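Beneath this line is the structure, given in structure tokens, with notes to follow.
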Amino acid sequence: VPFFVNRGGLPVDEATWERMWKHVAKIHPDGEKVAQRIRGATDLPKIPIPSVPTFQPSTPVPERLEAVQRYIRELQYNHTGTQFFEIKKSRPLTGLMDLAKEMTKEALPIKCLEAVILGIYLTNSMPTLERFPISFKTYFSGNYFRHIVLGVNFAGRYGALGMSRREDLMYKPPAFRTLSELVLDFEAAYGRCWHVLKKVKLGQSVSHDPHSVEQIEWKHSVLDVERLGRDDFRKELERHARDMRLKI
Amino acid sequence: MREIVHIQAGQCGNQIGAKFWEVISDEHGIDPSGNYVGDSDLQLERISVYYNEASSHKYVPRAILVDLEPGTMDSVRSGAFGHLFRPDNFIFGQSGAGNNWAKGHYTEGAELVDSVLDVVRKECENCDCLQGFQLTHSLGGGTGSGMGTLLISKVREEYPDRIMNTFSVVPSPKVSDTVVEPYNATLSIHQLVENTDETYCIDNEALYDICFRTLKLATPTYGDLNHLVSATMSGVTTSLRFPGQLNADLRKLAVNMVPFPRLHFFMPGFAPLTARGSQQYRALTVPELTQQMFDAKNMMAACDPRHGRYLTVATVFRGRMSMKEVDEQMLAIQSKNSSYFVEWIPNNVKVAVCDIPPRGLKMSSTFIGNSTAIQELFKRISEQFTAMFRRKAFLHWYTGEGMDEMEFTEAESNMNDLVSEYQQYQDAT
Amino acid sequence: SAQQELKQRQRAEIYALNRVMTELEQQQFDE
Amino acid sequence: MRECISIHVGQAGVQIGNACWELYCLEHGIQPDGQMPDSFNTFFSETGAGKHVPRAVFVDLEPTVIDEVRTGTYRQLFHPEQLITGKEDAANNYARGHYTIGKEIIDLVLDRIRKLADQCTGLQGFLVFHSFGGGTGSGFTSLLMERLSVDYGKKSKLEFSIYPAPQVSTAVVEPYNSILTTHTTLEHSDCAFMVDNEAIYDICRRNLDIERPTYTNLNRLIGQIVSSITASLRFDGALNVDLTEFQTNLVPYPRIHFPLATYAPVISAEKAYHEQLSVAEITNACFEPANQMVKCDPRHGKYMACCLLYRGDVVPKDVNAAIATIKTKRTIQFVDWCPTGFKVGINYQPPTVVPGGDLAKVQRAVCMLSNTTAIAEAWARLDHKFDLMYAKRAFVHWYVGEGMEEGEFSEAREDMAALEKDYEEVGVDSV
Amino acid sequence: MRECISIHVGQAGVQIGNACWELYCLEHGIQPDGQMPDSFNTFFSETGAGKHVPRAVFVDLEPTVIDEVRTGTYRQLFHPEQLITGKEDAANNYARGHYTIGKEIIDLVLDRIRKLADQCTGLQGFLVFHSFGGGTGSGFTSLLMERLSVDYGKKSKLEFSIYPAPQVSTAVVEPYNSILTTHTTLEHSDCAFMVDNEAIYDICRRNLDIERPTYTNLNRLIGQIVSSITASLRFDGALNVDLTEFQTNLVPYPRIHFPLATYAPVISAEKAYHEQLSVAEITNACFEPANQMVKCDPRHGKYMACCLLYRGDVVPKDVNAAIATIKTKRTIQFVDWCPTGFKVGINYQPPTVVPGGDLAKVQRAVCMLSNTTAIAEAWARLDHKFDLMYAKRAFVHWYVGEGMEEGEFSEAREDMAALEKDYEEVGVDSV
Ligand SMILES: Nc1nc2c(ncn2[C@@H]2O[C@H](COP(=O)(O)CP(=O)(O)OP(=O)(O)O)[C@@H](O)[C@H]2O)c(=O)[nH]1
Ligand SMILES: Nc1nc2c(ncn2[C@@H]2O[C@H](COP(=O)(O)OP(=O)(O)OP(=O)(O)O)[C@@H](O)[C@H]2O)c(=O)[nH]1
Ligand SMILES: Nc1nc2c(ncn2[C@@H]2O[C@H](COP(=O)(O)OP(=O)(O)OP(=O)(O)O)[C@@H](O)[C@H]2O)c(=O)[nH]1
């Protein structure tokens, strides 16, 4: 459960790597019995390194975004509860986008957070596409978890990208009418997994220049779920859907 | 002062060289007797790139004229500039090889080429800092393709640091005046890859195409095609002789163009090219003439540059330019046909300007493209040569001399590896 | 620092690891 | 005392110095003959006959550039034993300026410095002038400034390099000859300025209202900045901004010596009357991303330590008052770990007019030198653009055949990326 | 202090300011060269050279209108950095003013305001000038008034909009681009005056005894109103009618900021001697329905709160005496819930004469700004006129193809009908 702040993903060291198999003695049911079939196995399944699809110029925006998700769905999303990278919020962009240059080369099991990063990195060749990050504050029984998506905008219509543990928080096709009902698909996704919502974090639109040094603004607006009106969720977030066009 | 001895091999190279020095003797204001009658002293301060001095105010061009065919010496000896050249430099044999390559390289050329290197070493001794050797010849012929490559492999043995230029007029499939043109062409290129470090594969089809379409002359009577390749021959070395805002030597071009040591085959191009009396007065304007300079019609090699992405491009301007308007236009060209350039060479269009135009214009700009669509120039010849080599026709005129039969199968593989090497980057990234 | 050996033997080690961890995170809630 | 010599390398080095020393002759009344018809001694070691030899050495390996200066105007001003000149251009090549040809003419240049560094009682520092666009400007300067810091350890050395633009480009091998330069200019240099050449076209088109500026319209705007940086050494005011003072008033670490220059005002003669050019307007114009002298947006990054250098009819009352607007109630965020602000470099002498007719006269100026962390996006191009070329091993054989080992590019990129990681390191304080 | 800039937009907006700034130079002695041969600083930020620069931002997306100003007379008065100019005219298309082309040139107009709003110690407010007749006057202003309300929240912003006339018309999409702009000016604006274009012909026909008036005989009368509204900020008297302690004498509710202007006297030169132009007839002329600036009859509706803004040689004795006849002994019925009456804006400065020869000089003048509910009859002739066109869905495909959602007309008509219900809501007190 507590993800680490380690460095040197490929190749791995001899300190962070040895605690991957001690942590599974608590949450995974076997713990040490799987070490004879994972660490104690010379033979292993050879999953290759898939490449990012270099799109031809006769491929428009929504055909590319499925081909973007056709990369990240085959990226083997991680469940081990330990981060493999050096991803931070307060991080410069070229220190982060060049870390995404070490995502196609490394291609380790990744979590939901850097999928938002790689969703930005695999979308810089679409200047008509405007993106923005949205993080959720999900309420379990007394606890607060985070789920961050990447909301997109092409031809006026909305949509969102991202990865999670289940299918209902993944890629949304870019055909939604407004922005408020787009979050409602995530809100209906939280009703199935027995999740309550607390806050919706709106951020500034990420600038379309991959070689630049600025921090990514994730907290341009905060929408408290249980402590604000439902009409304000369809009006202030609708004006914020136009306010992202107001900066531009 | 960087120096370049200039070797007019062959006969067509001698035909374009008699119009090459006619450009330069006008460009420095040198009379046909050899004196100086120029007005501005900025053209006199550096003439030693292309000239010498006699014991007066009388200059003599650093030129070596080589042709097995005689009599065409007597054209330029009795032409408009017969009293300009050094008469000791006129080297010519007796017979004249009749469109043969083995004759002219093995048998006939070896009995003459030692007289040349006693002159090219005589001219290398009066030069302070030698830059390179230009030589202008016709590929596919007898002399300029068989004596020329013998002359290069003897020069590059003695000077492995000096640069080399080769303005080889390649053969064309539509305008061919020789039945053994696809034999002398494919034998020359194997001895042209390994020795020269930048050629200029001009063609004689696109020169005929320019004088009908672009220049719109009635009759291209060979005083134009031998002149139009002379303007883009002075245009490469117009920064060595004139103070520019941003100037480029021949070493600067060959360090900016070839990404690998085998890819030196450049299709040159010159602009502006008006009509004879219409566009030079009425229609054409002369800022941003790169739209003319990048067109498929205004090339020298008869190849379609849209059929293959450029590797590197050098545009040597000449006029009194304005370096924003040079470079802002140069970005707009690179962003327009952005699929027509190699990905892994970003910002490849080399600029270079000067301060003195040709006499009779205001601005002018050559263009030296190192395209990959030059593989279409070699896919025609290696189609025609492989057709005749099946029947093995016209082979006793080469195997009759001291040339083996396996030399052709070796020379075709050395060409087809080059077309395999040039196709290696058209599709990869 | 030799590569293609440590970065593929321990790369497929996690690939054999998360196959049960993917199944574990979807079996704790099926009620 | 307080002498300061300026060396010039490359085609960019002389063409700036042809118009840089054009400006100093107007800033001291010195004729083109060197014969003044007070204190010019920071730039002119005069002779007893009445002449004034400028303390500069022009270096180029190709003779076609200096012979313009050696024969046109200002041909009697310079000293003919100091215009060092090679024969081969070696151009667009780092190794041919650092190993092959530049190795030959170093012993004539470095000897000529010691024939000028032995006339200085107080030597403030060296002022190199080159471009990163290949040839001698990066090949020979990497050999020169490595050779100077051996013989002159405790001496400052400025660097007015012309960093290559992202889009506007001249050399094809332009990214290769800049990754090989920063391994030199990280160690041996000090406060290496890096102006760009595309960013002046975005200044000389809107701020200065002329169309299609030549290289004589950017090498005068680069001349005024080296004037007003060294305007403290030769005039009066409330300055105390000599080159050893503002050096460690600027750099926070030995690796963050890459500020950007910015001049203001640059308004043309037509709109010189339609705007009152007072000190609140002059500083507020000096912080625009459309007014910097490099292709970077400083709003994206954060300033570490600026250094304003005013000159002319200002007073420190409203200079310090107009600063507090820009200091506090703006969104140009400074870094957290230094709240002291920035140097103020008030000088008395107003800037002059070069008579070529480019920008009209004013009463105030500023050459702000911000050590922002927005230079990490200037190297973000060339860390990628060179790596895009080196992946296919293009153009390497023109360096590995000249003396350069093939592993040098794998060393230079490895160093220059760790610098960019180090530049983005000091941008954050709180967790 | 008390500076007040004025932005202009449209074919109407520059053509008014071409003749409005013609008037202010006469009201301060300013030459056409901007060089006065006291206190003008509410309209002129002067320079130290003796010049004067007007504080106005002439914008238009089409170049053919400002180039009349930029080439003829008054070409040296303005500043060339502020005459913002696009390339496409954005031909009568609100979506081409609010989404397509106006989005490109917003960041230059908004940048020029902060280069003028930072020279203002006391900023009274903004004075926009546009027409509701399509194009940039309605499309680009809706992208501008929405823009200024973010950066300048607590700041007044007047609006001298031209309303589309009922019968006289120029555009075909005049009713389309006026329902779309009132969704902007209902919220972001403040005291949006809406003069008409037909009603000034019926002043230039009978009150002014000229025939065939051009747009120069009609923009002089719209320049005199903006003169005597801002005659409190730059002259003396018994005023206290600055634009924030006057606009809270206007609005009873935040949605009723739509007064009408009315100027008096407008008597021609040949009729100037045959009438003693004194304050009894001068005040009674303002309430004639044949003397309003909008084609509407205020005898139909009821006034809420006027604002009589005098100027010239008056005294407050008979001002308060001539008011009481109009207040009580008349049938111009006020609304019941405000019995205090209206403001009084006595100023000392008499109005001047533009030398084009339109109206001779007088000694008194009014600009009464009545917040009557007779503007509801100026919208029922637009609510019906728009819905007659939208019922057949004509011309909608020139907006939905330009980046505008088709449901916005069903929102703008829904909004502006609820405003008309709200404007008629406060018309009755007792049952
Ligand atoms: N560019 C030009 N090429 C020419 C011209 N005249 C002929 N030729 C070209 O040159 C070719 C023939 O010239 P060559 O010098 O090769 C004939 P050869 O080598 O055998 O020497 P000689 O027999 O002494 O003439 C011919 O196929 C054409 O392609 C010309 O005027 N200009
Ligand atoms: N800003 C500016 N840059 C210049 C100027 N002149 C040349 N440059 C730059 O110089 C770069 C090319 O490098 P060079 O200065 O020619 O260095 P070099 O190769 O050693 O010089 P040569 O050997 O004589 O060719 C180009 O990228 C230009 O940007 C100038 O006048 N102003
Ligand atoms: N009162 C008045 N109205 C005018 C005058 N000139 C033009 N107009 C009005 O202004 C409108 C012209 O369009 P603009 O407001 O400038 O906006 P636009 O559609 O973009 O026009 P352009 O900028 O020229 O393309 C017309 O509907 C006229 O009614 C004038 O002099 N006085």
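Scheme for the structure tokens: letters A, B, ... for chains in order shown; per-chain residue numbers from 1; ligand numbers from 1 in order shown.
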
Requested in this report: Return as a PyMOL selection string the residues of protein, DNA or RNA that approach ligand 3 to within 8 Å, with only C-alpha atoms and all ligand atoms taken into account.
Outcome: chain E and resi 9-16+60-62+64-65+89-93+97+130-139+162-164+169-171+174+195-197+200+214-216+218-219+222

Requested in this report: Just the residues within 10 Å of residue E:322, please, counting only C-alpha atoms, with nothing from its chain fewer than 5 positions along; format it as a list in words.
Outcome: residues 279, 280, 281, 282, 283, 284, 316, 317 and 327 of chain E

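DSSP on the backbone gives alpha helix (DSSP H) for these parts of stretch 339-414 of chain D: residues 379, 380, 381, 382, 383, 384, 385, 386, 387, 388, 389, 390, 408, 409, 410, 411, 412, 413 and 414 of chain D.
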
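For chain E, the residues no farther than 12 Å from chain A when using only C-alpha atoms are residues 98, 99, 103, 104, 106, 107, 143, 144, 146, 147, 148, 150, 151, 401, 402, 403, 404 and 405 of chain E.
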
Report task. Return as a VMD selection string the residues belonging to chain E that are within 7 Å of chain D, counting only C-alpha atoms. Result -> chain E and resid 47 to 48 53 79

Report task. Run DSSP on the backbone and give me the residues of stretch 141-388 of chain E it puts in strand (DSSP E), as number ranges by chain. Result -> E: 156-163, 192-196, 263-264, 307-308, 310-312, 343-344, 364-367

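Residues lying within 10 Å of residue C:11, counting only C-alpha atoms and ignoring same-chain neighbours fewer than 5 positions away, are residues 9, 10, 11, 12, 44, 46, 47, 106, 107, 108 and 109 of chain A; 4, 5, 6, 16 and 17 of chain C.
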
Query - Between atom CA of residue B:253 and atom 28 (C, counted along the ligand's line) of ligand 2, distance in Å (one decimal) - result: 15.4 Å

**Report entry** Long-range neighbours of residue E:189 as a PyMOL selection string, 8 Å cut-off, only C-alpha atoms, 3 positions minimum in chain
**Finding:** chain E and resi 145+157-159+184-186+192

Requested in this report: For ligand 1, list the contacting residues at 9 Å or closer, counting only C-alpha atoms and all ligand atoms, as a ChimeraX atom specification.
Outcome: /B:9-16,67-72,95-101,104,137-147,168-172,175-178,181,202-204,207,221-227,229

**Report entry** Contacts of residue D:355 within 12 Å, only C-alpha atoms, excl. fewer than 3 positions in-chain, as a VMD selection string
**Finding:** chain D and resid 19 22 to 23 25 to 26 220 352 358 to 361

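You will find atom CA of residue E:178 at 11.8 Å from atom CA of residue E:381.
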
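When atom 8 (N, counted along the ligand's line) of ligand 2 is paired with atom CA of residue D:181, their separation reads 16.1 Å.
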
**Report entry** Neighbour list for residue B:298 as a VMD selection string, cut-off 8 Å, only C-alpha atoms, skip fewer than 3 positions in-chain
**Finding:** chain B and resid 210 214 269 to 271 292 to 295

Report task. With a distance cut-off of 10 Å and only C-alpha atoms, select the neighbouring residues of stretch 131-134 of chain A, excluding the residue or stretch itself and same-chain residues fewer than 6 positions from it, and output the selection as JSON, numbers by chain. Result -> {"A": [116, 117, 119, 120, 123, 124, 147, 148, 149, 150, 151, 152, 153, 154, 158, 159, 160, 161, 162, 183, 200, 201, 202, 203, 204, 205, 206, 207, 208, 216, 217, 218, 219, 221, 222, 244]}

Keeping N, CA and C atoms, export the residues of the selection given above as a tab-separated table (two decimals), in the first residue's frame.
chain	number	residue	atom	x	y	z
A	116	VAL	N	-1.66	9.18	-16.50
A	116	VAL	CA	-2.05	10.54	-16.84
A	116	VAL	C	-0.88	11.29	-17.47
A	117	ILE	N	0.34	11.02	-16.99
A	117	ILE	CA	1.54	11.63	-17.55
A	117	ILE	C	1.78	11.12	-18.96
A	119	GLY	N	-0.39	9.77	-20.84
A	119	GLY	CA	-1.48	10.26	-21.68
A	119	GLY	C	-1.22	11.65	-22.21
A	120	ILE	N	-0.49	12.47	-21.46
A	120	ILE	CA	-0.08	13.77	-21.97
A	120	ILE	C	1.06	13.61	-22.97
A	123	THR	N	0.24	12.62	-26.55
A	123	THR	CA	-0.77	13.46	-27.19
A	123	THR	C	-0.23	14.82	-27.59
A	124	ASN	N	1.09	15.00	-27.60
A	124	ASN	CA	1.66	16.30	-27.95
A	124	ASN	C	1.60	16.58	-29.45
A	147	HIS	N	-7.95	9.19	-7.25
A	147	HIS	CA	-7.95	8.71	-8.63
A	147	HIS	C	-7.89	9.91	-9.55
A	148	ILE	N	-6.88	9.95	-10.42
A	148	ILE	CA	-6.62	11.08	-11.29
A	148	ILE	C	-6.84	10.65	-12.74
A	149	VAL	N	-7.61	11.44	-13.48
A	149	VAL	CA	-7.87	11.19	-14.90
A	149	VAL	C	-7.33	12.37	-15.70
A	150	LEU	N	-7.28	12.18	-17.02
A	150	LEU	CA	-6.87	13.23	-17.95
A	150	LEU	C	-8.06	13.53	-18.86
A	151	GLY	N	-8.74	14.65	-18.60
A	151	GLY	CA	-9.86	15.04	-19.43
A	151	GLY	C	-9.39	15.72	-20.70
A	152	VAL	N	-9.97	15.33	-21.83
A	152	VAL	CA	-9.56	15.84	-23.13
A	152	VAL	C	-10.69	16.69	-23.70
A	153	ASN	N	-10.40	17.35	-24.82
A	153	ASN	CA	-11.37	18.21	-25.49
A	153	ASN	C	-10.99	18.30	-26.96
A	154	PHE	N	-11.80	17.71	-27.83
A	154	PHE	CA	-11.60	17.80	-29.27
A	154	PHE	C	-12.92	18.14	-29.93
A	158	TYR	N	-16.35	16.58	-25.28
A	158	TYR	CA	-15.47	16.27	-24.17
A	158	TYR	C	-15.23	14.76	-24.07
A	159	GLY	N	-14.46	14.39	-23.07
A	159	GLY	CA	-14.00	13.03	-22.89
A	159	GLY	C	-12.82	13.02	-21.95
A	160	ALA	N	-12.47	11.82	-21.50
A	160	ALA	CA	-11.40	11.71	-20.52
A	160	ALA	C	-10.65	10.40	-20.71
A	161	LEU	N	-9.37	10.42	-20.34
A	161	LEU	CA	-8.50	9.27	-20.41
A	161	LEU	C	-7.96	8.94	-19.03
A	162	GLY	N	-7.34	7.78	-18.91
A	162	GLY	CA	-6.75	7.36	-17.66
A	162	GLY	C	-6.85	5.86	-17.47
A	183	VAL	N	-18.13	13.86	-15.90
A	183	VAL	CA	-17.75	13.46	-14.55
A	183	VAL	C	-18.80	12.52	-13.95
A	200	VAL	N	-13.71	17.15	-6.20
A	200	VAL	CA	-13.34	17.06	-7.60
A	200	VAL	C	-12.38	18.21	-7.88
A	201	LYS	N	-11.15	17.88	-8.25
A	201	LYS	CA	-10.09	18.86	-8.44
A	201	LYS	C	-9.97	19.19	-9.92
A	202	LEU	N	-10.24	20.44	-10.27
A	202	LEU	CA	-10.08	20.92	-11.64
A	202	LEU	C	-8.76	21.67	-11.75
A	203	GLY	N	-8.08	21.50	-12.89
A	203	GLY	CA	-6.80	22.12	-13.11
A	203	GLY	C	-6.78	22.93	-14.40
A	204	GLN	N	-5.71	23.70	-14.56
A	204	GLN	CA	-5.50	24.47	-15.77
A	204	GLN	C	-5.19	23.55	-16.94
A	205	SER	N	-5.48	24.02	-18.15
A	205	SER	CA	-5.15	23.28	-19.35
A	205	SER	C	-3.63	23.25	-19.55
A	206	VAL	N	-3.10	22.05	-19.77
A	206	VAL	CA	-1.67	21.87	-19.96
A	206	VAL	C	-1.26	22.45	-21.30
A	207	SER	N	-0.21	23.28	-21.29
A	207	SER	CA	0.25	23.95	-22.49
A	207	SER	C	0.84	22.95	-23.48
A	208	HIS	N	0.64	23.23	-24.77
A	208	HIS	CA	1.02	22.31	-25.83
A	208	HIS	C	2.42	22.63	-26.35
A	216	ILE	N	2.72	21.76	-13.57
A	216	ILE	CA	1.38	21.44	-14.06
A	216	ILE	C	0.38	21.83	-12.98
A	217	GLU	N	-0.55	22.71	-13.33
A	217	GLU	CA	-1.55	23.20	-12.39
A	217	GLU	C	-2.70	22.20	-12.33
A	218	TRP	N	-2.79	21.47	-11.22
A	218	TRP	CA	-3.86	20.50	-11.03
A	218	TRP	C	-5.04	21.05	-10.23
A	219	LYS	N	-4.88	22.19	-9.57
A	219	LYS	CA	-5.83	22.67	-8.57
A	219	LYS	C	-6.30	24.07	-8.91
A	221	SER	N	-9.40	24.70	-9.70
A	221	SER	CA	-10.72	24.79	-9.08
A	221	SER	C	-10.98	23.53	-8.28
A	222	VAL	N	-11.69	23.69	-7.17
A	222	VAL	CA	-12.04	22.59	-6.28
A	222	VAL	C	-13.56	22.57	-6.13
A	244	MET	N	-11.62	27.30	-19.43
A	244	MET	CA	-10.43	26.72	-20.04
A	244	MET	C	-10.24	27.24	-21.46

Query - Option closest in space to residue A:65, from A:125, A:94, A:178, A:143 [counting only C-alpha atoms] - result: A:125
